[PDB]
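This is coords.txt (compact mmCIF, C-alpha atoms and all ligand atoms).
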```txt
# COMPACT_ATOMS: atom_id res chain seq x y z
CA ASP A 5 -0.70 4.18 15.00
CA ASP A 6 1.46 2.32 12.45
CA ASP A 7 4.90 0.68 12.14
CA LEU A 8 7.14 1.53 9.15
CA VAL A 9 9.00 4.63 10.32
CA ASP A 10 12.26 6.11 9.05
CA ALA A 11 15.14 7.48 11.15
CA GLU A 12 13.77 10.98 11.74
CA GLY A 13 10.66 9.53 13.37
CA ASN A 14 8.49 10.37 10.35
CA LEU A 15 6.07 7.97 8.65
CA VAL A 16 7.41 6.01 5.70
CA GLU A 17 5.59 7.27 2.62
CA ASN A 18 4.43 4.59 0.16
CA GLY A 19 6.35 4.95 -3.11
CA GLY A 20 8.82 7.35 -1.55
CA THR A 21 12.59 7.08 -1.63
CA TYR A 22 14.72 5.98 1.33
CA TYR A 23 18.26 4.90 2.13
CA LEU A 24 18.56 1.42 3.67
CA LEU A 25 21.38 1.47 6.22
CA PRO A 26 22.40 -1.15 8.80
CA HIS A 27 21.62 -0.87 12.51
CA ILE A 28 25.22 -1.20 13.65
CA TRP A 29 27.54 1.18 11.81
CA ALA A 30 30.21 -1.46 11.20
CA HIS A 31 28.47 -3.76 8.73
CA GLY A 32 28.51 -1.33 5.81
CA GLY A 33 26.77 1.67 4.30
CA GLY A 34 23.59 1.98 2.28
CA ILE A 35 22.35 -0.27 -0.51
CA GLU A 36 23.64 -0.09 -4.09
CA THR A 37 24.17 -2.29 -7.14
CA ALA A 38 27.32 -4.11 -8.13
CA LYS A 39 28.69 -6.25 -10.93
CA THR A 40 29.49 -9.65 -9.45
CA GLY A 41 30.52 -12.86 -11.10
CA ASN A 42 29.56 -13.13 -14.75
CA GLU A 43 27.02 -10.31 -15.01
CA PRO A 44 27.04 -7.92 -18.02
CA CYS A 45 26.43 -4.88 -15.80
CA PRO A 46 25.44 -4.00 -12.20
CA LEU A 47 22.65 -6.49 -11.48
CA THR A 48 23.57 -7.48 -7.91
CA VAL A 49 22.11 -5.76 -4.89
CA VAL A 50 24.70 -5.23 -2.17
CA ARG A 51 25.61 -3.01 0.77
CA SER A 52 27.97 -0.13 0.04
CA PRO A 53 31.57 -1.25 0.69
CA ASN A 54 31.75 2.19 2.29
CA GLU A 55 30.42 2.51 5.83
CA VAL A 56 29.38 6.18 5.62
CA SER A 57 27.74 5.99 2.20
CA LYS A 58 23.99 6.55 2.37
CA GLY A 59 23.97 4.26 -0.64
CA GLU A 60 21.35 4.45 -3.36
CA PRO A 61 17.92 6.13 -3.02
CA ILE A 62 15.46 3.26 -2.73
CA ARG A 63 11.70 3.33 -3.32
CA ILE A 64 9.48 1.20 -1.13
CA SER A 65 6.07 0.41 -2.55
CA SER A 66 2.97 -1.54 -1.57
CA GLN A 67 0.05 -2.49 -3.81
CA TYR A 68 -2.27 -0.70 -1.37
CA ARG A 69 -3.26 2.87 -2.25
CA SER A 70 -2.59 4.25 1.20
CA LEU A 71 -0.25 7.11 2.08
CA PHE A 72 1.76 4.69 4.14
CA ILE A 73 2.81 1.06 4.21
CA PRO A 74 0.17 -1.07 5.95
CA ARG A 75 1.51 -3.43 8.60
CA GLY A 76 1.95 -6.95 7.27
CA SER A 77 1.89 -5.69 3.68
CA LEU A 78 4.25 -7.22 1.14
CA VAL A 79 6.39 -4.58 -0.53
CA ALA A 80 8.67 -4.21 -3.52
CA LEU A 81 11.99 -2.44 -3.18
CA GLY A 82 13.46 -0.72 -6.20
CA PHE A 83 16.26 1.68 -7.01
CA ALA A 84 14.92 5.20 -7.44
CA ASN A 85 17.63 5.67 -10.09
CA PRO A 86 17.75 2.38 -12.07
CA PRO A 87 21.08 1.22 -13.49
CA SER A 88 22.18 0.45 -17.03
CA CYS A 89 20.73 -2.87 -18.13
CA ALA A 90 17.96 -3.34 -15.54
CA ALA A 91 14.63 -3.64 -17.39
CA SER A 92 13.10 -2.69 -14.06
CA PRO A 93 14.39 -0.84 -10.99
CA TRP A 94 12.72 -3.47 -8.78
CA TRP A 95 14.59 -6.18 -6.86
CA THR A 96 13.62 -9.84 -7.11
CA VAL A 97 15.03 -13.13 -5.85
CA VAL A 98 16.62 -15.53 -8.31
CA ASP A 99 18.61 -18.73 -7.76
CA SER A 100 22.37 -18.37 -8.18
CA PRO A 101 25.56 -20.46 -7.79
CA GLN A 102 25.53 -18.97 -4.30
CA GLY A 103 21.87 -19.71 -3.63
CA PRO A 104 18.78 -17.45 -3.72
CA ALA A 105 20.16 -13.90 -4.19
CA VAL A 106 18.65 -10.41 -4.48
CA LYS A 107 19.18 -9.40 -8.12
CA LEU A 108 17.89 -6.96 -10.72
CA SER A 109 16.49 -8.51 -13.89
CA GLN A 110 16.91 -7.70 -17.56
CA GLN A 111 13.50 -9.30 -17.99
CA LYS A 112 10.36 -7.27 -17.31
CA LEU A 113 9.07 -8.73 -14.04
CA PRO A 114 5.47 -9.22 -12.88
CA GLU A 115 4.18 -8.10 -9.48
CA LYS A 116 4.51 -11.62 -8.04
CA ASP A 117 8.27 -11.69 -8.60
CA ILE A 118 8.87 -8.33 -6.94
CA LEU A 119 6.33 -7.99 -4.11
CA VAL A 120 8.27 -10.59 -2.11
CA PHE A 121 9.61 -8.55 0.80
CA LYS A 122 8.25 -7.38 4.17
CA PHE A 123 9.88 -5.24 6.87
CA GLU A 124 9.83 -6.39 10.50
CA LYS A 125 10.81 -4.12 13.42
CA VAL A 126 13.47 -5.33 15.88
CA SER A 127 13.41 -5.98 19.65
CA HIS A 128 16.05 -3.42 20.60
CA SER A 129 13.65 -0.49 20.62
CA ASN A 130 16.25 2.33 20.92
CA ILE A 131 15.66 3.60 17.33
CA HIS A 132 13.49 2.45 14.44
CA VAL A 133 15.13 -0.68 12.99
CA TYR A 134 13.82 -3.56 10.86
CA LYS A 135 14.70 -7.02 9.65
CA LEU A 136 13.92 -7.81 6.01
CA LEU A 137 11.75 -10.86 5.34
CA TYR A 138 11.67 -12.77 2.08
CA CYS A 139 8.24 -14.12 1.16
CA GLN A 140 8.02 -16.54 -1.73
CA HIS A 141 4.50 -17.20 -2.90
CA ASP A 142 2.82 -20.57 -2.60
CA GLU A 143 -0.81 -21.06 -3.55
CA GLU A 144 -2.60 -17.82 -2.67
CA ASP A 145 -0.87 -17.72 0.71
CA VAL A 146 2.64 -16.36 0.38
CA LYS A 147 4.55 -17.30 3.52
CA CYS A 148 7.27 -15.08 4.98
CA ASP A 149 9.27 -17.82 6.70
CA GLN A 150 12.74 -16.69 5.53
CA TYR A 151 14.97 -13.60 5.88
CA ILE A 152 17.36 -11.70 3.62
CA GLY A 153 20.94 -11.50 4.83
CA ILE A 154 24.47 -10.48 3.89
CA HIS A 155 26.96 -12.77 2.18
CA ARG A 156 30.39 -11.18 1.76
CA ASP A 157 32.04 -12.87 -1.23
CA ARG A 158 35.38 -13.64 -2.88
CA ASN A 159 35.69 -10.03 -4.00
CA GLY A 160 34.25 -8.47 -0.87
CA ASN A 161 30.83 -7.64 -2.32
CA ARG A 162 28.33 -7.65 0.56
CA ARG A 163 25.57 -9.16 -1.58
CA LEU A 164 22.06 -9.49 -0.24
CA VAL A 165 20.92 -13.09 -0.16
CA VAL A 166 18.29 -15.31 1.45
CA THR A 167 19.40 -16.68 4.83
CA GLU A 168 17.68 -18.13 7.88
CA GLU A 169 20.30 -17.39 10.55
CA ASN A 170 22.25 -14.38 9.28
CA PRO A 171 19.45 -11.80 8.85
CA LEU A 172 20.39 -8.17 8.28
CA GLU A 173 18.85 -5.12 9.97
CA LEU A 174 17.93 -1.76 8.44
CA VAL A 175 17.07 1.82 9.33
CA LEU A 176 15.25 3.96 6.75
CA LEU A 177 16.32 7.51 5.95
CA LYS A 178 14.24 9.78 3.71
CA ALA A 179 16.24 10.33 0.53
CA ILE B 1 -7.06 10.75 -7.54
CA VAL B 2 -5.02 11.36 -10.70
CA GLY B 3 -6.63 12.77 -13.82
CA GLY B 4 -9.85 13.71 -12.03
CA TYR B 5 -11.51 17.01 -11.07
CA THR B 6 -12.44 18.95 -7.93
CA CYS B 7 -15.78 17.56 -6.73
CA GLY B 8 -16.95 20.82 -5.24
CA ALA B 9 -17.58 21.41 -1.55
CA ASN B 10 -19.60 18.56 0.01
CA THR B 11 -20.89 17.22 -3.34
CA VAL B 12 -20.05 13.72 -2.11
CA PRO B 13 -21.83 13.96 1.31
CA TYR B 14 -20.87 10.38 2.08
CA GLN B 15 -17.13 10.85 1.57
CA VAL B 16 -15.53 10.35 4.97
CA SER B 17 -11.93 10.88 6.05
CA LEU B 18 -10.24 8.62 8.59
CA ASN B 19 -7.91 10.66 10.79
CA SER B 20 -5.18 9.57 13.24
CA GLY B 21 -3.77 13.03 13.86
CA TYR B 22 -3.80 13.48 10.08
CA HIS B 23 -5.69 12.05 7.07
CA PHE B 24 -4.60 8.53 6.14
CA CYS B 25 -7.60 6.94 4.42
CA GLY B 26 -10.97 7.59 2.88
CA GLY B 27 -14.13 5.86 4.00
CA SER B 28 -17.85 5.85 3.27
CA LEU B 29 -20.87 6.64 5.46
CA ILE B 30 -23.53 3.95 5.16
CA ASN B 31 -25.82 5.15 7.97
CA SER B 32 -25.80 7.38 11.04
CA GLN B 33 -23.33 5.29 12.99
CA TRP B 34 -21.43 2.91 10.71
CA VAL B 35 -18.67 3.63 8.21
CA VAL B 36 -17.05 1.36 5.66
CA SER B 37 -13.38 1.47 4.68
CA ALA B 38 -10.58 -0.88 3.65
CA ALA B 39 -9.23 -3.51 6.02
CA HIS B 40 -5.69 -2.29 5.38
CA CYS B 41 -6.67 1.12 6.74
CA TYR B 42 -7.09 -0.37 10.18
CA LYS B 43 -5.62 1.73 12.97
CA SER B 44 -6.39 2.14 16.65
CA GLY B 45 -8.07 5.35 17.83
CA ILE B 46 -9.57 6.36 14.48
CA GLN B 47 -11.25 9.78 14.31
CA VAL B 48 -13.85 9.80 11.55
CA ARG B 49 -14.29 13.28 10.11
CA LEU B 50 -17.41 13.86 8.04
CA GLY B 51 -18.73 16.69 5.89
CA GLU B 52 -15.18 17.53 4.80
CA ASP B 53 -13.81 19.20 1.68
CA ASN B 54 -10.61 20.95 2.71
CA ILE B 55 -9.21 18.33 5.11
CA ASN B 56 -6.45 20.67 6.23
CA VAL B 57 -8.71 23.31 7.70
CA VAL B 58 -12.10 23.72 9.38
CA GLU B 59 -14.87 25.19 7.22
CA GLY B 60 -18.02 24.84 9.32
CA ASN B 61 -19.60 21.59 8.12
CA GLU B 62 -17.27 18.98 9.57
CA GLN B 63 -18.34 16.46 12.17
CA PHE B 64 -15.52 14.84 14.13
CA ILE B 65 -16.45 11.46 15.63
CA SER B 66 -14.12 9.04 17.42
CA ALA B 67 -14.35 5.42 16.31
CA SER B 68 -15.99 3.08 18.82
CA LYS B 69 -15.51 -0.25 17.04
CA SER B 70 -13.28 -1.07 14.07
CA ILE B 71 -14.10 -4.53 12.70
CA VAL B 72 -11.76 -5.69 9.93
CA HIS B 73 -13.10 -8.50 7.74
CA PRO B 74 -12.27 -11.83 9.44
CA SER B 75 -10.79 -13.09 6.19
CA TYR B 76 -8.57 -10.09 5.52
CA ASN B 77 -5.23 -11.33 4.20
CA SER B 78 -2.68 -8.51 4.20
CA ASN B 79 -0.45 -10.51 1.89
CA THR B 80 -2.94 -11.24 -0.89
CA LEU B 81 -4.87 -7.98 -0.55
CA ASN B 82 -7.99 -10.15 -0.26
CA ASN B 83 -11.11 -9.21 1.71
CA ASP B 84 -9.78 -5.68 2.07
CA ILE B 85 -12.85 -4.36 3.86
CA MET B 86 -13.36 -2.81 7.32
CA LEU B 87 -16.38 -1.53 9.26
CA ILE B 88 -16.31 1.34 11.72
CA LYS B 89 -18.88 2.18 14.37
CA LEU B 90 -19.09 5.77 15.54
CA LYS B 91 -19.26 6.42 19.31
CA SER B 92 -22.06 8.79 18.40
CA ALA B 93 -24.58 8.85 15.55
CA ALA B 94 -23.84 11.55 12.97
CA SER B 95 -26.34 14.30 12.23
CA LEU B 96 -27.50 13.52 8.70
CA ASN B 97 -27.99 16.68 6.65
CA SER B 98 -27.33 17.77 3.07
CA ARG B 99 -23.58 17.95 3.62
CA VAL B 100 -23.44 14.68 5.54
CA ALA B 101 -25.45 11.80 4.09
CA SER B 102 -25.19 8.03 3.73
CA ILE B 103 -24.59 5.95 0.64
CA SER B 104 -26.77 2.97 -0.18
CA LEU B 105 -25.14 -0.46 0.00
CA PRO B 106 -25.36 -2.46 -3.23
CA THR B 107 -27.81 -5.34 -2.98
CA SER B 108 -26.71 -6.39 -6.45
CA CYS B 109 -23.27 -6.47 -8.07
CA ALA B 110 -22.83 -3.86 -10.80
CA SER B 111 -22.02 -5.13 -14.28
CA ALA B 112 -18.90 -4.14 -16.19
CA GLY B 113 -19.31 -0.91 -18.12
CA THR B 114 -21.10 0.89 -15.30
CA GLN B 115 -19.77 4.41 -14.67
CA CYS B 116 -18.59 5.07 -11.14
CA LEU B 117 -17.59 8.00 -9.01
CA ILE B 118 -14.28 7.44 -7.20
CA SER B 119 -13.45 10.04 -4.56
CA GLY B 120 -10.47 10.94 -2.36
CA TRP B 121 -7.75 13.24 -1.01
CA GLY B 122 -4.88 11.13 -2.36
CA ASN B 123 -1.99 11.92 -4.73
CA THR B 124 -3.21 13.49 -7.99
CA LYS B 125 -0.12 12.90 -10.13
CA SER B 126 1.22 9.74 -11.80
CA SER B 127 4.97 10.05 -11.25
CA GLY B 128 5.62 12.38 -8.34
CA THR B 129 3.56 13.10 -5.22
CA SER B 130 1.09 15.98 -4.77
CA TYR B 131 -1.72 15.72 -2.24
CA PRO B 132 -4.80 18.02 -2.58
CA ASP B 133 -6.45 20.22 0.05
CA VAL B 134 -9.95 19.48 -1.21
CA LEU B 135 -11.83 16.38 -2.41
CA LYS B 136 -10.99 15.24 -5.90
CA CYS B 137 -13.46 13.35 -8.08
CA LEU B 138 -13.17 10.90 -10.94
CA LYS B 139 -15.62 9.09 -13.21
CA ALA B 140 -14.41 5.61 -14.18
CA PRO B 141 -16.09 2.45 -15.50
CA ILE B 142 -16.17 -1.07 -14.01
CA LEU B 143 -13.85 -3.21 -16.14
CA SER B 144 -14.50 -6.83 -17.14
CA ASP B 145 -13.21 -9.71 -15.03
CA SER B 146 -11.12 -10.97 -17.96
CA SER B 147 -9.42 -7.61 -18.55
CA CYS B 148 -8.89 -7.06 -14.83
CA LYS B 149 -7.20 -10.45 -14.54
CA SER B 150 -5.39 -9.73 -17.78
CA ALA B 151 -3.84 -6.67 -16.16
CA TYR B 152 -3.11 -8.51 -12.93
CA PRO B 153 -2.67 -12.20 -13.72
CA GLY B 154 -2.94 -14.37 -10.64
CA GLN B 155 -3.85 -11.46 -8.34
CA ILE B 156 -7.60 -11.03 -8.83
CA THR B 157 -10.08 -12.92 -6.68
CA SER B 158 -13.86 -12.78 -6.83
CA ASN B 159 -13.76 -10.21 -4.02
CA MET B 160 -12.17 -7.52 -6.15
CA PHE B 161 -12.80 -5.75 -9.44
CA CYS B 162 -10.96 -3.28 -11.65
CA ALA B 163 -12.31 0.10 -12.68
CA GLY B 164 -10.53 2.72 -14.70
CA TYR B 165 -8.63 2.68 -17.96
CA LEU B 166 -6.22 0.17 -19.48
CA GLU B 167 -4.81 3.23 -21.25
CA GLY B 168 -4.06 4.85 -17.90
CA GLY B 169 -4.14 8.60 -17.42
CA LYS B 170 -6.98 8.63 -14.91
CA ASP B 171 -7.11 6.54 -11.75
CA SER B 172 -7.14 6.26 -7.95
CA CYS B 173 -3.85 6.76 -6.07
CA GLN B 174 -2.05 6.78 -2.68
CA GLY B 175 -4.23 8.26 0.00
CA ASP B 176 -7.49 7.35 -1.75
CA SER B 177 -7.54 3.93 0.00
CA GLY B 178 -10.67 2.94 1.91
CA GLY B 179 -12.51 5.59 -0.11
CA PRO B 180 -15.77 4.98 -2.06
CA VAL B 181 -16.55 3.81 -5.58
CA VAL B 182 -20.22 4.66 -6.13
CA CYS B 183 -21.97 3.36 -9.23
CA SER B 184 -25.62 3.99 -10.04
CA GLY B 185 -26.08 5.38 -6.54
CA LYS B 186 -24.62 2.45 -4.58
CA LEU B 187 -21.26 1.81 -2.88
CA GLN B 188 -20.12 -0.92 -5.22
CA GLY B 189 -16.47 -0.60 -4.22
CA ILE B 190 -13.68 0.56 -1.96
CA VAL B 191 -10.37 1.98 -3.10
CA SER B 192 -8.11 -0.96 -2.29
CA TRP B 193 -4.93 -1.45 -4.35
CA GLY B 194 -3.15 -1.15 -7.68
CA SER B 195 0.28 -1.04 -9.32
CA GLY B 196 1.37 2.57 -9.51
CA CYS B 197 -1.22 5.19 -10.44
CA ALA B 198 -2.66 6.00 -13.86
CA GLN B 199 -0.22 3.47 -15.35
CA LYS B 200 -1.00 1.59 -18.56
CA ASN B 201 -2.62 -1.83 -18.18
CA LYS B 202 -2.69 -1.22 -14.43
CA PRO B 203 -6.14 0.10 -13.40
CA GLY B 204 -7.44 0.36 -9.88
CA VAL B 205 -8.45 -2.74 -7.99
CA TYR B 206 -11.36 -2.31 -5.63
CA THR B 207 -12.95 -4.39 -2.91
CA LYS B 208 -16.14 -5.91 -4.34
CA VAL B 209 -18.61 -4.61 -1.77
CA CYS B 210 -21.59 -6.51 -3.19
CA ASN B 211 -20.19 -9.83 -1.92
CA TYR B 212 -19.81 -8.33 1.58
CA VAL B 213 -23.18 -6.63 2.01
CA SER B 214 -24.88 -9.54 3.83
CA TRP B 215 -21.96 -9.49 6.27
CA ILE B 216 -22.14 -5.68 6.67
CA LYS B 217 -25.84 -5.71 7.55
CA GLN B 218 -25.31 -8.61 9.95
CA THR B 219 -22.46 -7.05 11.92
CA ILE B 220 -24.27 -3.72 12.03
CA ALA B 221 -27.22 -5.68 13.41
CA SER B 222 -25.13 -7.25 16.19
CA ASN B 223 -22.41 -4.77 17.16
CA CA C 301 -12.28 21.14 6.74
```

What would the structure in this file look like if it were written as structure tokens?
Amino acid sequence: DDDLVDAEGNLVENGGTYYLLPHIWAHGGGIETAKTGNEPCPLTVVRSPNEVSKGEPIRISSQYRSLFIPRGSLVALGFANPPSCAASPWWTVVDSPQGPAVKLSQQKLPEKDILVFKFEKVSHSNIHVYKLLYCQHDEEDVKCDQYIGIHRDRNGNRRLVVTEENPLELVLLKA
Amino acid sequence: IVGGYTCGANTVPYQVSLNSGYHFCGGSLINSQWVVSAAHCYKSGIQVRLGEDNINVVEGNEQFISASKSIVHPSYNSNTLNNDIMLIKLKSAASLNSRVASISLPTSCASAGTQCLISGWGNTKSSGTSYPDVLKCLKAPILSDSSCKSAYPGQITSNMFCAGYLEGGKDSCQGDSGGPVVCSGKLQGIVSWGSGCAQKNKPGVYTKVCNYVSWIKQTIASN
């Protein structure tokens, strides 16, 4: 009677912690932070260079006060265990020399800058998998007409960025 | 409900629990065959369970009724959390007794400062997750539109209002959704959304039922 479901076939609990792994075990492991470019600490959200690493425990939250994540609800994704300098464990999307990239901020962020994601189940039904949408607000009608993808860089960091033709896929595993 | 107390068996005769195999949202009985909840609690095949206290087990006062019609507000916008209101028609009228009773719709919007009774079987702890067996209660006041918007800049429309404490400590939480907010004997609100639970400067945001009442009565009169 809902959509957001982890790997074990159990409902995704709002505010709970989950590992975000790829669909095909060849693209990388779970999600984690990384120090890329000229950052003073780990402020870049990437996929584990490892392919068997569950990554970092990630909380998935919705503004709604329901036990689960309502379909079509915008969500925020944050590290259950925040890093050093992050003033918030929540991800956000900021412009970078590379283009819009999923980063952690040193600035306290408001709901609007974090509730910009939305999971979307995939066609190949053989196990719960989802694409991650990026929804930038507009004028009291935030439109989710973009996806978040992987951009492997000069140092190998599989950083999460906004794409439109290289979307990534994820499976959720209760941390 | 964090920072609240145990209501006591059936002391909130209008508290309803929406079940889809398990409890996933509160609701409120407005008459023998129509229930009100949050739009985001929409699900197919809803079983409305009334006269409940311990939702985990049967105690002899429950009334299990399958949903016949589940009308989510036409203007519901899952993104913006706006018009988060849903109506439910029971396949069969409920037997109204002392344990199962309806709550009066508000024909007038309550003013800020009014004390309200928020009810629900949701998480009762700020950080962490601990769901109760029995109905939890909580008295909280309607906050001003300027404070509400101060807490949630750019997120408050005229169809929602805050209630609770800027200080935090007491508030609604996950699993309370769709539940009632009764003030001065009328269902002035519906547990809708909020940032965290019992957090500072982040009170509960509720669907402003008083703006929807004309719509409620109409649909009930034609469905
Ligand atoms: Ca029971």

- Contacts of residue 76 of chain A at 8 Å (all atoms listed in the file; same-chain gap of 3+ positions) as number ranges by chain: A: 122; B: 78-79

Selected residues written out with C-alpha atoms, as a PDB file, in the coordinates of the input:
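Dumped to part-v1.pdb:
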```
ATOM      1  CA  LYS A 122       8.250  -7.380   4.170  1.00  0.00           C
TER       2      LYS A 122
ATOM      3  CA  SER B  78      -2.680  -8.510   4.200  1.00  0.00           C
ATOM      4  CA  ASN B  79      -0.450 -10.510   1.890  1.00  0.00           C
TER       5      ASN B  79
END
```

Proximity check chain A to chain B, 10 Å, nearest pairs one decimal Å, only C-alpha atoms, as CSV:
```
residue,atom,partner,partner_atom,distance
A:5,CA,B:43,CA,5.9
A:6,CA,B:43,CA,7.1
A:17,CA,B:174,CA,9.3
A:18,CA,B:174,CA,7.4
A:19,CA,B:196,CA,8.5
A:20,CA,B:129,CA,8.6
A:65,CA,B:196,CA,8.7
A:66,CA,B:195,CA,8.2
A:67,CA,B:193,CA,5.1
A:68,CA,B:193,CA,4.1
A:69,CA,B:174,CA,4.1
A:70,CA,B:175,CA,4.5
A:71,CA,B:175,CA,4.6
A:72,CA,B:24,CA,7.7
A:73,CA,B:40,CA,9.2
A:74,CA,B:40,CA,6.0
A:75,CA,B:78,CA,7.9
A:76,CA,B:78,CA,5.8
A:77,CA,B:78,CA,5.4
A:78,CA,B:79,CA,5.8
A:79,CA,B:79,CA,9.4
A:114,CA,B:152,CA,8.6
A:115,CA,B:195,CA,8.1
A:116,CA,B:154,CA,8.4
A:119,CA,B:79,CA,9.4
A:120,CA,B:79,CA,9.6
A:122,CA,B:79,CA,9.5
A:139,CA,B:79,CA,9.4
A:141,CA,B:79,CA,9.6
A:143,CA,B:154,CA,10.0
A:144,CA,B:80,CA,6.8
A:145,CA,B:80,CA,7.0
A:146,CA,B:79,CA,6.8
A:147,CA,B:79,CA,8.6
A:148,CA,B:79,CA,9.5
```

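Here atom CA of residue 102 of chain A is placed at a distance of 20.7 Å from atom CA of residue 90 of chain A.
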
- Hey, can you check how far atom CA of residue 141 of chain B sits from atom CA of residue 4 of chain B?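 Calculated distance between atom CA of residue 141 of chain B and atom CA of residue 4 of chain B is 13.3 Å.
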
- Message: Neighbours of ligand CA 301 (chain C) at 8 Å or closer, counting only C-alpha atoms and all ligand atoms: which residues, as a PyMOL selection string?
- Response: chain B and resi 51-62

Written selection (C-alpha atoms) as a PDB file, in the coordinates of the input:
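Result file again07.pdb:
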```pdb
ATOM      1  CA  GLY B  51     -18.730  16.690   5.890  1.00  0.00           C
ATOM      2  CA  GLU B  52     -15.180  17.530   4.800  1.00  0.00           C
ATOM      3  CA  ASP B  53     -13.810  19.200   1.680  1.00  0.00           C
ATOM      4  CA  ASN B  54     -10.610  20.950   2.710  1.00  0.00           C
ATOM      5  CA  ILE B  55      -9.210  18.330   5.110  1.00  0.00           C
ATOM      6  CA  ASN B  56      -6.450  20.670   6.230  1.00  0.00           C
ATOM      7  CA  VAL B  57      -8.710  23.310   7.700  1.00  0.00           C
ATOM      8  CA  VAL B  58     -12.100  23.720   9.380  1.00  0.00           C
ATOM      9  CA  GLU B  59     -14.870  25.190   7.220  1.00  0.00           C
ATOM     10  CA  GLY B  60     -18.020  24.840   9.320  1.00  0.00           C
ATOM     11  CA  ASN B  61     -19.600  21.590   8.120  1.00  0.00           C
ATOM     12  CA  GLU B  62     -17.270  18.980   9.570  1.00  0.00           C
TER      13      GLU B  62
END
```

- Query: Mind pulling up the distance from atom CA of residue 82 of chain A to atom CA of residue 113 of chain A?
  - Reply: 12.0 Å

- Message: Would you pick out the contacts of segment 93-109 of chain B at 10 Å or less, using all atoms listed in the file, so that residues sharing its chain but fewer than 5 positions from it are not included, and give the list as an MDAnalysis selection string?
- Response: chainID B and resid 9:16 28:35 50:52 61:65 180 182:189 208:214 216:217

I need the residues from that last selection saved to file as a short mmCIF file (atom, residue, chain, number, x, y, z; two decimals), keeping the file's coordinate frame (with C-alpha atoms), if you can.
```
data_model
loop_
_atom_site.label_atom_id
_atom_site.label_comp_id
_atom_site.auth_asym_id
_atom_site.auth_seq_id
_atom_site.Cartn_x
_atom_site.Cartn_y
_atom_site.Cartn_z
CA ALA B 9 -17.58 21.41 -1.55
CA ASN B 10 -19.60 18.56 0.01
CA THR B 11 -20.89 17.22 -3.34
CA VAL B 12 -20.05 13.72 -2.11
CA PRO B 13 -21.83 13.96 1.31
CA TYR B 14 -20.87 10.38 2.08
CA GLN B 15 -17.13 10.85 1.57
CA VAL B 16 -15.53 10.35 4.97
CA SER B 28 -17.85 5.85 3.27
CA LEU B 29 -20.87 6.64 5.46
CA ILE B 30 -23.53 3.95 5.16
CA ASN B 31 -25.82 5.15 7.97
CA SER B 32 -25.80 7.38 11.04
CA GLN B 33 -23.33 5.29 12.99
CA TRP B 34 -21.43 2.91 10.71
CA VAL B 35 -18.67 3.63 8.21
CA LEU B 50 -17.41 13.86 8.04
CA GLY B 51 -18.73 16.69 5.89
CA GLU B 52 -15.18 17.53 4.80
CA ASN B 61 -19.60 21.59 8.12
CA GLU B 62 -17.27 18.98 9.57
CA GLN B 63 -18.34 16.46 12.17
CA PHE B 64 -15.52 14.84 14.13
CA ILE B 65 -16.45 11.46 15.63
CA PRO B 180 -15.77 4.98 -2.06
CA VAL B 182 -20.22 4.66 -6.13
CA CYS B 183 -21.97 3.36 -9.23
CA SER B 184 -25.62 3.99 -10.04
CA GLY B 185 -26.08 5.38 -6.54
CA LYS B 186 -24.62 2.45 -4.58
CA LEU B 187 -21.26 1.81 -2.88
CA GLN B 188 -20.12 -0.92 -5.22
CA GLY B 189 -16.47 -0.60 -4.22
CA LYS B 208 -16.14 -5.91 -4.34
CA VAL B 209 -18.61 -4.61 -1.77
CA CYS B 210 -21.59 -6.51 -3.19
CA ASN B 211 -20.19 -9.83 -1.92
CA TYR B 212 -19.81 -8.33 1.58
CA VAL B 213 -23.18 -6.63 2.01
CA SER B 214 -24.88 -9.54 3.83
CA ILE B 216 -22.14 -5.68 6.67
CA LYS B 217 -25.84 -5.71 7.55
#
```

Do a neighbour search on residue 31 of chain A at 9 Å with only C-alpha atoms, toss out local chain neighbours closer than 5 positions, and write the hits as a PDB file with C-alpha atoms, in the coordinates of the input.
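Here's the written file result_32.pdb:
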```
ATOM      1  CA  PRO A  26      22.400  -1.150   8.800  1.00  0.00           C
ATOM      2  CA  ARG A  51      25.610  -3.010   0.770  1.00  0.00           C
ATOM      3  CA  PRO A  53      31.570  -1.250   0.690  1.00  0.00           C
ATOM      4  CA  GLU A  55      30.420   2.510   5.830  1.00  0.00           C
TER       5      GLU A  55
END
```

- Query: Using all atoms listed in the file, which residues sit within 7 Å of residue 152 of chain A once same-chain residues fewer than 5 positions away are excluded, as JSON, numbers by chain?
  - Reply: {"A": [136, 137, 138, 164, 165, 166, 167, 171, 172]}

- Query: Neighbours of residue 164 of chain B within 7 Å (only C-alpha atoms; same-chain residues fewer than 2 positions away dropped), as a PyMOL selection string?
  - Reply: chain B and resi 140-143+162+166+170-171+203-204

- Name the closest residue to residue 127 of chain A among the candidates A:48, A:179, A:173, A:168; distances are taken between atoms, counting all atoms listed in the file.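 Using all atoms listed in the file, residue 127 of chain A sits closest to A:173.
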
Could you work out an axis-aligned box for segment 119-132 of chain A, taking every atom the file lists and adding 3 Å on each side, and report centre and edge lengths in Å to one decimal, as JSON?
```
{"center_x": 11.3, "center_y": -3.5, "center_z": 8.4, "size_x": 15.9, "size_y": 20.2, "size_z": 31.0}
```

- Taking only C-alpha atoms into account, which of A:109, A:140, A:14, A:92 comes nearest residue 47 of chain A?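 When distances to residue 47 of chain A are compared using only C-alpha atoms, the smallest one comes from A:109.
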
- Item | Pick from B:72, B:90, B:181, B:67, whichever lies nearest to residue 115 of chain B using only C-alpha atoms |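 Nearest to residue 115 of chain B: B:181.
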
- Task: Would you mind telling me which residue in A:169, A:175, A:162, A:101 lies nearest to residue 54 of chain A when using all atoms listed in the file?
- Result: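 Going through A:169, A:175, A:162, A:101 one by one, the smallest distance to residue 54 of chain A is for A:162.
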